[PDB]
Each structure stands twice: as structure tokens, then as C-alpha cells.
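Heads up: the structure comes next, in C-alpha cells.
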Amino acid sequence: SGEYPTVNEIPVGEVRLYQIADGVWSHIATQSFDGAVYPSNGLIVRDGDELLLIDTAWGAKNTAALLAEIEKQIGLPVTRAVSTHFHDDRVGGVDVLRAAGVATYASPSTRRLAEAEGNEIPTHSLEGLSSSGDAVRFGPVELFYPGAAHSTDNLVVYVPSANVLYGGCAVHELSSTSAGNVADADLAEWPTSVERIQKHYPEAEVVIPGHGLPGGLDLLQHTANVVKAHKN
Ligand SMILES: C[C@@H](c1cccc2c(-c3ccc(CS(C)(=O)=O)c(F)c3)c(C(=O)O)[nH]c12)n1cc(CNC(=N)N)nn1
Ligand SMILES: [Zn+2]
Ligand SMILES: [Zn+2]
């Protein structure tokens, strides 16, 4: 009823949307992994009379439910999707999107890692993002490669019309006490990559983590803090 959705407010197998700003929503779904249940976020950005999707809803059935929830709540077609790294909370559901007519995109690094890991593979490669600090425009957003952090391929997304920074899994929520699933992370480089985000997007008003509650710019420093303590 208005608060940011958590696992306890999303019915089984469903997705909920949250209005972040004019023409910007997050999507929230839940999934089980190694015997525990986790929430995860993505983004939806209005692109005229179409929608740009950032990240799947973590699984085929969740992503089908996402498309149905978008049709119910927004009613504009999703035409393109970008996955911000290679893990299943970002690409799991790409096959569903592709069969629903959505053009799916990721960096070549993400596509290679997804392929090698056996995860679903976005169709189209996003060039121009291979060096840290690189940025490219993609419809109503800017895509930014901050350097290795949660994964070597992680991208962040900025919505300039609303000053919304979607950090993906390189950014953690304020309540977090550890650095999440770090199996593919670079804990030594992560603070430097966060510093790059801070320097590039100093006017961000909303910061959205890959998992958990949005907040403000404090999420970036908090993330650096929890990562440094995980490493040390
Ligand atoms: C599919 C994905 C995955 C599954 C389950 C949990 C998470 C979390 C996470 C875990 C805990 C918290 C709470 S908290 C910050 O308070 O600890 C959180 F907010 C997020 C993250 C993330 O952190 O983005 N991602 C996860 N995955 C798969 C792999 C590869 N694994 C490997 N052995 N090679 N890595 N991630
Ligand atoms: Zn991940
Ligand atoms: Zn994640």
C-alpha cells in the first residue's frame, strides 16, 4: 500500500512495480537460490510510447509475470531491455523477453560471461563500455561502466530526466550488513568503482540498489563501507 515492496508483500510468483519518478519505475520480484529467498530490483523507463527495461525479474516465470504487470499498470510495450551483468537476477528471463518481441542487449563482457556460465544470453552487444569511466546513451538513459565491483562486467544506469541512478548490484541498500553474493566480485577494486560513480553522478537524487530499498547518494558510501569490511 505505497511502501517499497519486500518479499512479504509480493504474492507467490508475482511482480510489483514502484513509481520512482515521472516515467521511471522499479520492478521487484523474489526468487529462491541455494535454499534462501531474496528480493531483487530492476528498472522501467518510459521511452515515448514505448518502454525500456533494465534487468529481468530473476527467472523465466518471474519475467513473464513482469511483462503482465507492466501491461496492467502501464500499458505501453516493452521494446528493448538491457541486462547490467551476467547473473541470473539480471539475465534469467531473457529468453522470455526475446519470445515476447523484446530486443535484448548487454555488453560483450556480460554476453561472454553469461555464455560461459550457462545463463541466458542477450542478443545484442553494447559497444563503447569496455573501459572504466565509459558512458553511452541508450534511449532515455545513460549506461556507465564504473569498473569491476560486484562483478567485472557490472553496468550502472542513469536517467538524466529524473536524476535517478540505478546502481544495480554494484550498489547495496542502507540496511545491508555484508556485501551480498561476492563470488564474482573484485572487493579491492569495488571502492574505486564506487568512487567513479560518485564523481560521475553527483546530482543523483534517487539511488536504486540491485537488491533492497532505494535511497539517496548515501547508498554509495555505505556500499564502499560494507565492501571494505567484508574484504577486511
Ligand atoms: C543470482 C545471484 C544471487 C543469488 C543469491 C543471492 C544474491 C545476492 C544477495 C545476497 C544477499 C543480500 C543481502 S546483504 C547485501 O545484506 O548481504 C543481497 F542484497 C543480495 C546478490 C547480490 O549481492 O547482487 N546476488 C545474488 N548470484 C549468482 C552468483 C554467482 N555465484 C557463484 N558461486 N559463482 N552471484 N550472484
Ligand atoms: Zn550479481
Ligand atoms: Zn544481484
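Each chain in the C-alpha cells gets a letter, A, B, ..., in the order shown, and its residues are numbered from 1; ligands are numbered from 1 in order too.
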Let me see if you get this right: every residue at most 8 Å from ligand 2, counting only C-alpha atoms and all ligand atoms, written as a PDB file with C-alpha atoms, in the first residue's frame.
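Result saved to pocket_11.pdb:
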ATOM      1  CA  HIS A  85      25.619  -8.061 -15.583  1.00  0.00           C
ATOM      2  CA  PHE A  86      25.648 -11.771 -16.293  1.00  0.00           C
ATOM      3  CA  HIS A  87      23.996 -13.267 -13.191  1.00  0.00           C
ATOM      4  CA  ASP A  88      20.544 -14.882 -13.294  1.00  0.00           C
ATOM      5  CA  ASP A  89      18.930 -11.947 -11.432  1.00  0.00           C
ATOM      6  CA  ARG A  90      19.835  -9.825 -14.496  1.00  0.00           C
ATOM      7  CA  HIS A 150      30.111  -6.788  -7.688  1.00  0.00           C
ATOM      8  CA  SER A 151      31.204  -8.337 -10.989  1.00  0.00           C
ATOM      9  CA  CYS A 169      24.309  -4.984  -7.849  1.00  0.00           C
ATOM     10  CA  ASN A 181      26.859 -12.534  -3.080  1.00  0.00           C
ATOM     11  CA  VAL A 182      30.518 -11.770  -3.715  1.00  0.00           C
ATOM     12  CA  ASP A 184      32.354 -12.947  -8.758  1.00  0.00           C
TER      13      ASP A 184
END
Excluding residue 74 in chain A and any residue of its chain fewer than 4 positions from it, enumerate the residues within 10 Å of it, using only C-alpha atoms, and give them as an mmCIF file with C-alpha atoms, in the first residue's frame.
data_model
loop_
_atom_site.group_PDB
_atom_site.id
_atom_site.type_symbol
_atom_site.label_atom_id
_atom_site.label_comp_id
_atom_site.auth_asym_id
_atom_site.auth_seq_id
_atom_site.Cartn_x
_atom_site.Cartn_y
_atom_site.Cartn_z
ATOM 1 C CA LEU A 17 6.168 -2.080 -9.629
ATOM 2 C CA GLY A 23 8.322 7.909 -16.314
ATOM 3 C CA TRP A 25 9.554 2.671 -12.118
ATOM 4 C CA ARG A 46 9.351 5.412 -20.402
ATOM 5 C CA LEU A 51 9.327 1.251 -22.510
ATOM 6 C CA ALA A 68 1.953 -8.952 -17.380
ATOM 7 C CA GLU A 69 2.328 -6.470 -14.509
ATOM 8 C CA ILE A 70 3.680 -3.821 -16.897
#
Subject >> Test item: residues lying within 12 Å of ligand 3 with only C-alpha atoms and all ligand atoms, as a VMD selection string >> reply: chain A and resid 30 to 31 33 38 to 42 55 to 58 83 to 92 149 to 151 154 to 155 167 to 173 179 to 185 209 to 212
Based on the selection just made, write C-alpha atoms of those residues as a short mmCIF file (atom, residue, chain, number, x, y, z; two decimals), in the first residue's frame.
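What follows is the written file part.cif:
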data_model
loop_
_atom_site.label_atom_id
_atom_site.label_comp_id
_atom_site.auth_asym_id
_atom_site.auth_seq_id
_atom_site.Cartn_x
_atom_site.Cartn_y
_atom_site.Cartn_z
CA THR A 30 11.58 -12.60 -5.37
CA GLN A 31 13.45 -15.79 -6.06
CA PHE A 33 18.59 -19.54 -4.58
CA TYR A 38 15.83 -12.94 -1.91
CA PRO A 39 14.25 -9.83 -3.45
CA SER A 40 15.74 -8.17 -6.49
CA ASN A 41 15.13 -4.93 -8.39
CA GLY A 42 15.12 -3.78 -11.98
CA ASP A 55 17.22 -6.27 -15.97
CA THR A 56 14.93 -9.28 -15.86
CA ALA A 57 12.87 -10.23 -12.80
CA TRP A 58 15.18 -13.18 -11.94
CA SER A 83 20.99 -6.55 -18.61
CA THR A 84 23.51 -4.93 -16.27
CA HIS A 85 25.62 -8.06 -15.58
CA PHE A 86 25.65 -11.77 -16.29
CA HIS A 87 24.00 -13.27 -13.19
CA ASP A 88 20.54 -14.88 -13.29
CA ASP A 89 18.93 -11.95 -11.43
CA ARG A 90 19.84 -9.83 -14.50
CA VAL A 91 19.58 -12.20 -17.50
CA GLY A 92 17.33 -15.00 -16.22
CA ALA A 149 32.81 -4.20 -8.37
CA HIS A 150 30.11 -6.79 -7.69
CA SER A 151 31.20 -8.34 -10.99
CA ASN A 154 28.58 -4.59 -13.95
CA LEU A 155 26.95 -1.55 -15.53
CA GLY A 167 23.33 1.13 -9.38
CA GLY A 168 22.42 -2.48 -9.94
CA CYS A 169 24.31 -4.98 -7.85
CA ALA A 170 27.37 -2.74 -7.53
CA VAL A 171 25.28 -0.74 -5.01
CA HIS A 172 23.74 -2.08 -1.79
CA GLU A 173 20.86 -0.82 0.29
CA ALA A 179 28.39 -7.23 0.55
CA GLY A 180 25.82 -9.74 -0.72
CA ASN A 181 26.86 -12.53 -3.08
CA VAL A 182 30.52 -11.77 -3.71
CA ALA A 183 31.51 -14.92 -5.60
CA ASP A 184 32.35 -12.95 -8.76
CA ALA A 185 33.30 -9.64 -7.13
CA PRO A 209 20.38 -0.90 -5.43
CA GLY A 210 20.24 -4.24 -7.21
CA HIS A 211 18.52 -5.72 -4.14
CA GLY A 212 16.58 -3.84 -1.46
#
Subject >> Residue neighbourhood residue 228 in chain A, 12 Å, only C-alpha atoms, exclusion window fewer than 3 positions, as a count of residues only >> reply: 19
Subject >> Long-range neighbours of range 215-219 of chain A as a PyMOL selection string, 9 Å cut-off, only C-alpha atoms, 6 positions minimum in chain >> reply: chain A and resi 165+171-174+198+202-209
Atoms kept (N, CA, C and O atoms) for selection, written as a tab-separated table (two decimals), in the first residue's frame:
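So the final result, stored in result-v4.tsv, reads:
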chain	number	residue	atom	x	y	z
A	165	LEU	N	19.67	7.29	-10.34
A	165	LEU	CA	20.83	6.42	-10.50
A	165	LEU	C	20.45	5.00	-10.10
A	165	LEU	O	20.15	4.74	-8.94
A	171	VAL	N	25.73	-1.62	-6.09
A	171	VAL	CA	25.28	-0.74	-5.01
A	171	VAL	C	24.33	-1.52	-4.12
A	171	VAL	O	23.40	-2.16	-4.61
A	172	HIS	N	24.56	-1.44	-2.81
A	172	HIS	CA	23.74	-2.08	-1.79
A	172	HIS	C	22.87	-1.09	-1.05
A	172	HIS	O	23.15	0.11	-0.98
A	173	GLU	N	21.78	-1.62	-0.50
A	173	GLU	CA	20.86	-0.82	0.29
A	173	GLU	C	21.47	-0.46	1.65
A	173	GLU	O	22.40	-1.09	2.15
A	174	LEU	N	20.91	0.58	2.26
A	174	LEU	CA	21.48	1.09	3.51
A	174	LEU	C	21.44	0.09	4.65
A	174	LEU	O	22.29	0.15	5.53
A	198	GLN	N	30.28	8.02	-7.88
A	198	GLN	CA	30.06	9.24	-7.12
A	198	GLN	C	30.52	10.47	-7.89
A	198	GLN	O	29.83	11.50	-7.90
A	202	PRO	N	27.05	13.23	-9.45
A	202	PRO	CA	26.92	13.94	-8.16
A	202	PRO	C	25.55	14.54	-7.93
A	202	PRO	O	25.26	14.94	-6.79
A	203	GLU	N	24.70	14.62	-8.95
A	203	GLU	CA	23.38	15.21	-8.82
A	203	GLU	C	22.29	14.14	-8.69
A	203	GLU	O	21.10	14.47	-8.74
A	204	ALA	N	22.66	12.87	-8.53
A	204	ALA	CA	21.66	11.84	-8.38
A	204	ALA	C	20.79	12.14	-7.17
A	204	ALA	O	21.28	12.53	-6.10
A	205	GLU	N	19.48	11.99	-7.34
A	205	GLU	CA	18.52	12.23	-6.27
A	205	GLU	C	17.94	10.97	-5.67
A	205	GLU	O	17.55	10.97	-4.49
A	206	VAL	N	17.82	9.93	-6.46
A	206	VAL	CA	17.40	8.60	-6.04
A	206	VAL	C	18.47	7.65	-6.50
A	206	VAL	O	18.95	7.74	-7.64
A	207	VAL	N	18.87	6.75	-5.61
A	207	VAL	CA	19.82	5.68	-5.92
A	207	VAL	C	19.12	4.36	-5.63
A	207	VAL	O	18.60	4.15	-4.53
A	208	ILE	N	19.10	3.48	-6.62
A	208	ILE	CA	18.40	2.20	-6.53
A	208	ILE	C	19.44	1.08	-6.51
A	208	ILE	O	20.22	0.96	-7.47
A	209	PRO	N	19.45	0.24	-5.48
A	209	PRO	CA	20.38	-0.90	-5.43
A	209	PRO	C	19.83	-2.07	-6.25
A	209	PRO	O	18.66	-2.13	-6.58
**OP:** Identify all residues of range 2-232 of chain A in strand (DSSP E or B) (DSSP on the backbone) and supply them as number ranges by chain.
**Re:** A: 16-21, 24-33, 36-47, 50-54, 78-82, 103-106, 124-125, 135-138, 141-144, 156-159, 164-168, 206-209, 215
Write a file of the just-selected residues containing C-alpha atoms, as a short mmCIF file (atom, residue, chain, number, x, y, z; two decimals), in the first residue's frame.
data_model
loop_
_atom_site.label_atom_id
_atom_site.label_comp_id
_atom_site.auth_asym_id
_atom_site.auth_seq_id
_atom_site.Cartn_x
_atom_site.Cartn_y
_atom_site.Cartn_z
CA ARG A 16 5.28 -5.46 -8.17
CA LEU A 17 6.17 -2.08 -9.63
CA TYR A 18 7.08 1.06 -7.71
CA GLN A 19 6.91 4.56 -9.15
CA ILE A 20 10.28 6.25 -8.65
CA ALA A 21 9.77 9.45 -10.68
CA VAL A 24 10.56 5.79 -14.04
CA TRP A 25 9.55 2.67 -12.12
CA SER A 26 11.42 -0.06 -10.37
CA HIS A 27 10.29 -3.66 -10.60
CA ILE A 28 10.59 -6.02 -7.62
CA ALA A 29 10.38 -9.80 -7.59
CA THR A 30 11.58 -12.60 -5.37
CA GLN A 31 13.45 -15.79 -6.06
CA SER A 32 14.90 -18.72 -4.20
CA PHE A 33 18.59 -19.54 -4.58
CA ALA A 36 17.06 -18.93 0.69
CA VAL A 37 14.64 -16.31 -0.65
CA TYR A 38 15.83 -12.94 -1.91
CA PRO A 39 14.25 -9.83 -3.45
CA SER A 40 15.74 -8.17 -6.49
CA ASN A 41 15.13 -4.93 -8.39
CA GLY A 42 15.12 -3.78 -11.98
CA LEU A 43 14.11 -0.58 -13.75
CA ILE A 44 11.50 0.55 -16.28
CA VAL A 45 11.93 3.84 -18.14
CA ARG A 46 9.35 5.41 -20.40
CA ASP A 47 10.76 5.95 -23.91
CA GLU A 50 7.46 2.53 -25.57
CA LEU A 51 9.33 1.25 -22.51
CA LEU A 52 12.97 0.41 -21.87
CA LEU A 53 13.51 -2.39 -19.37
CA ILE A 54 16.62 -2.71 -17.22
CA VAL A 78 8.50 -3.08 -23.69
CA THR A 79 10.64 -2.86 -26.82
CA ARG A 80 14.22 -3.12 -25.52
CA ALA A 81 15.94 -4.50 -22.45
CA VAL A 82 19.45 -4.09 -21.07
CA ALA A 103 15.23 -6.75 -28.21
CA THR A 104 17.75 -7.75 -25.51
CA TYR A 105 21.13 -6.07 -25.03
CA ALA A 106 24.22 -6.38 -22.83
CA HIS A 124 22.79 -7.60 -28.97
CA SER A 125 26.19 -6.31 -27.87
CA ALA A 135 29.39 6.02 -20.95
CA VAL A 136 26.94 5.63 -23.83
CA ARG A 137 23.38 6.75 -24.45
CA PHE A 138 20.63 4.16 -24.83
CA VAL A 141 19.17 6.51 -20.16
CA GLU A 142 22.94 6.68 -19.97
CA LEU A 143 24.81 3.42 -19.41
CA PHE A 144 28.05 3.72 -17.44
CA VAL A 156 25.08 1.29 -13.89
CA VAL A 157 22.22 3.24 -15.45
CA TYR A 158 21.35 6.93 -15.07
CA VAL A 159 18.02 8.51 -16.04
CA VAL A 164 17.73 8.56 -10.97
CA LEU A 165 20.83 6.42 -10.50
CA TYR A 166 20.23 2.69 -10.85
CA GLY A 167 23.33 1.13 -9.38
CA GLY A 168 22.42 -2.48 -9.94
CA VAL A 206 17.40 8.60 -6.04
CA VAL A 207 19.82 5.68 -5.92
CA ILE A 208 18.40 2.20 -6.53
CA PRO A 209 20.38 -0.90 -5.43
CA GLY A 215 17.55 5.81 -1.03
#
**OP:** Apply DSSP to the structure's backbone, then extract all residues of range 105-216 of chain A labelled helix (DSSP H, G or I) and return them as a ChimeraX atom specification.
**Re:** /A:108-117,190-200
**OP:** Name the closest residue to residue 176 in chain A among the candidates A:122, A:66, A:230, A:76; distances are taken between atoms, counting only C-alpha atoms.
**Re:**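 Closest to residue 176 in chain A, using only C-alpha atoms: A:230.
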Subject >> Counting only C-alpha atoms and all ligand atoms, the residue of A:49, A:3, A:127, A:34 that sits nearest ligand 1 >> reply: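 The answer is A:34, which sits nearest to ligand 1.
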Subject >> All residues 7 Å or closer to residue 4 in chain A, only C-alpha atoms, same chain fewer than 2 positions away omitted, as a list in words >> reply: residues 2, 6, 18 and 213 of chain A
Residues just named, written with N, CA, C and O atoms as a compact mmCIF listing (two decimals), in the first residue's frame:
# COMPACT_ATOMS: atom_id res chain seq x y z
N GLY A 2 1.86 1.36 -0.83
CA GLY A 2 2.62 2.58 -1.01
C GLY A 2 4.07 2.50 -0.59
O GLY A 2 4.91 3.22 -1.13
N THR A 6 8.58 -5.59 -0.40
CA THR A 6 9.54 -6.56 0.11
C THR A 6 8.99 -7.95 -0.15
O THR A 6 7.85 -8.12 -0.61
N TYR A 18 7.04 -0.07 -8.63
CA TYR A 18 7.08 1.06 -7.71
C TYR A 18 7.46 2.30 -8.50
O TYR A 18 8.48 2.32 -9.16
N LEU A 213 16.06 -1.61 -0.72
CA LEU A 213 15.31 -0.35 -0.76
C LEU A 213 16.10 0.78 -1.42
O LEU A 213 17.27 0.99 -1.08
